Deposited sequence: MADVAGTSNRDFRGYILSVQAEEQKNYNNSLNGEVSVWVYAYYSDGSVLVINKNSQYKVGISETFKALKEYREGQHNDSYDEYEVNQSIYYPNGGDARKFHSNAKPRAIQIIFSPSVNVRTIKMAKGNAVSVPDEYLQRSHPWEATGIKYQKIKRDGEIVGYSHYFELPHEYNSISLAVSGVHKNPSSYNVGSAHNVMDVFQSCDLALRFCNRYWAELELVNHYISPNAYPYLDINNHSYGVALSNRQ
């Protein structure tokens, strides 16, 4: 019965494509609001990827954040900036890769997660996060620098709001086979 053997090699080809510099890097930012709704920003790009957004009061204030990267990211390149400290005394970013948890399904890394809560004394947060593809060629930009400039133009961004997390998991996470970690610490994703 050959049907099985071919399916196995075609998954190995997919992992090798995704780990090449033609594989995407994906990031998601989930903002958890006080009315129980969830706002998600997703950006997908080649070479590197980032999000920079302002999360303010809606129709309800944001209370926590979860940032998730695809497994192609180099966790050590992850950087995050946040604010709304005087400018004279500010650092440009922090390297937060050590705070990311591995999301696993069937013992396979499907993503990396950084969850943190926001102080109650706030109703707004401005936030930016950035990560680079883990391929060993990433810091060897001779591929051409202009290819990376084009990737900045071709990055696609998606933004959606859901009424509760259960709706997010059932109609956004599960049908799209995305990695996730919900309020009850249940893992989602599809191992290759």
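Where C-alpha coordinates are absent, the deposited sequence of this PDB chain has the segments 1 to 10, 70 to 103, 129 to 134, 193 to 194, 245 to 248.
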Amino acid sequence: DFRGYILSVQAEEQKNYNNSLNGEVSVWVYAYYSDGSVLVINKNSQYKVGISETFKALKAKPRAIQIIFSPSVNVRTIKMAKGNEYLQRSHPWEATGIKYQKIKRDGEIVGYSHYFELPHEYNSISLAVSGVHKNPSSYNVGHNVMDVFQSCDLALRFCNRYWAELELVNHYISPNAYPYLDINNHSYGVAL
From here on, numbers count along this sequence of modelled residues.
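When the mean C-alpha temperature factors of 128 to 136 and 30 to 38 are read from the deposited coordinates, 30 to 38 comes out higher. Checked against the record, the higher mean CA B factor of 19 to 27 and 164 to 172 lies with 164 to 172. Taking only the listed residues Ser45, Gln66, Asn123, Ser52, the entry reports the highest CA temperature factor at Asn123. Sorting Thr96, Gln101, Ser72, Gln88 by the CA temperature factor given in the entry leaves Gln88 at the top. When the modelled residues of the chain are ordered by C-alpha B-factor, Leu118 sits in the highest third.
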